[PDB]
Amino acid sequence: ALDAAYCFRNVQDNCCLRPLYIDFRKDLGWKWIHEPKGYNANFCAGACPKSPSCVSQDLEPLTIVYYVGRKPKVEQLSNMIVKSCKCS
């Protein structure tokens, strides 16, 4: 698939997964997530052979930490990480 294993290895103008690190506090303005400080969300871009767009395919969740007062709470966020792309 058009995932990290294939794309991050060989550069190409074609549709592929692209690295992208997001800092929750600094980029999104989020004060809610205390751990991790950020994560690799990645994204999709590139030439597609109608004329498709390079878009996400499979998504993965992210486990984070938020607070109710001072108390740490664990929670799985859905659709946070892009693991593969596709032409559609």
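So that there is no doubt, residue numbering starts at 1 and follows the sequence shown.
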Interresidue gap class [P49, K50; deposited sequence, unmodelled]: 4 to 9
Averaging the C-alpha temperature factors as deposited, the higher value of 39 to 47 versus 25 to 33 falls on 39 to 47
Could you settle it for me: does 64 to 72 or 9 to 17 have the higher average Cα B factor in the PDB entry? 9 to 17
For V82, does the deposited CA B-factor place it in the lowest, middle or highest third of the chain? middle
